[PDB]
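Shown below, as structure tokens, is a lone chain in the form deposited in one PDB entry; questions about how it binds or moves come after it.
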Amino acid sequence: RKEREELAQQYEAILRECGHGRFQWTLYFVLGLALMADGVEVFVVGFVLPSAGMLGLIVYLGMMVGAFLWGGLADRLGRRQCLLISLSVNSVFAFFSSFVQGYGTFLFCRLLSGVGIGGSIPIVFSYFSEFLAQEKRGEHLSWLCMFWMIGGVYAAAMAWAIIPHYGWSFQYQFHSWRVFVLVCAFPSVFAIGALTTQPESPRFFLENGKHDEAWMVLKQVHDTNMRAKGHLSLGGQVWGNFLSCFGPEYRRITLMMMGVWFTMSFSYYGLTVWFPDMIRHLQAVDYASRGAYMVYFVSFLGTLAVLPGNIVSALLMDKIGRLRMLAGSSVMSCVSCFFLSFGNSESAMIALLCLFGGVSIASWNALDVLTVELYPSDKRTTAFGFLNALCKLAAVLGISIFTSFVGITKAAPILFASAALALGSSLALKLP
């Protein structure tokens, strides 16, 4: 009641006293490594597992399980400790999958690494947010979403360089897809190695009755900023946390948030996995009328296209508003997806999905900052993790359907995603 509000006000006051600029900008990279690992795994699942009947979409079920699990645990065990555990699991099994002599065993040891990386985004966003003050929280949570694209481009370049060929078979030994799989673990290994040097969030320590082990974290933040400026029953506890997200105070918020998350993720993941298929079909039909580098090129161009949108969102959200930014950017993403149909030619279709990405990254940034503004640290990571599990389910729902529609229908998935984003924007415009 009064204790929670007093704690939130006092923690915001102390966090604003600690200052911003050095500790936060270091933890930003330390956690961007984890997000880059997330993007790497997502790329390998969506655009490299088919290269070996949509059996690669089992890794997304793994990721949904892992997101829910690690998100729920991170609110009881710690944001940093559970980020360590999740990244460690992902890294160990991404390592394993390269030494494995099959696909029935490679897919399992990669499903478990997908489970690992499932809980990266919820914990990273809930963990970085415990260190950021109110007037910088949105702007500095918006820069994280670029590391996802950086990880995706990393994965695409490694694929095009080590395994540009479609040959991917496990039996011989010391292949070149094994080298790729090992090399795609590197962002995760660095993320965990760097993350073992950042302190667990002070908000979590305060919530966990650890006032001293929170004061040490806070004094570290202050000293780092200034010197550089100058001078089980645990399952029952996680269930309580989750069933609170649908209490009288969070049922409305949680349901509308679930809808926005699910629809945005459905549209985005379906569209982005379909678009290379659309390009390949377009060029195959063009050839009939008369590889991995194409996916790398479009990955690079998309990573550059979300850039101005990410910068504008990050710099503006503190004044345009998180609710308003989410609503407007979701409307713009809907309309740009509707326009995506016109790009009759590949040369023009690349640019229309560039537009989709550029105008939709602002909605994603607003969503990720809003799902941390609307929940308390007592349940922030559980709520974020559940909503990210919904995002992974949407990603399967969207990648399966749209891939099914590749050739048989021309502007089917464009219209599916336009309607989905319209529903998502309708829900987003209603949030508090």
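Position 1 is the first residue in the sequence shown; the rest follow in order. Throughout, rigid core stands for the largest set of C-alpha atoms superposing within 1.5 Å between the two forms.
- Going from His231 to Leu232, you skip over 10 or more residues of the deposited sequence that the entry leaves unmodelled.
- According to the record, the deposited sequence contains 4 to 9 residues between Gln171 and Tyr172 that were left without coordinates.
Unshown form deposited in another entry; subsequent notes refer to it.
- Once the two forms are fitted on their rigid core, between this form and the one not shown the CA displacement reaches 2 Å or more only for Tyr296 among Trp148, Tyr296, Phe106, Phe93.
- Taking the rigid core as fixed, one finds a CA shift for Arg252 smaller than 2 Å between this form and the one not shown.
- A movement of the C-alpha atom of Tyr166 reaching 2 angstroms or beyond is seen between this form and the one not shown when the two forms are aligned on their rigid core.
- For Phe47, a C-alpha deviation of 2 angstroms or more is recorded between this form and the one not shown after rigid-core alignment.
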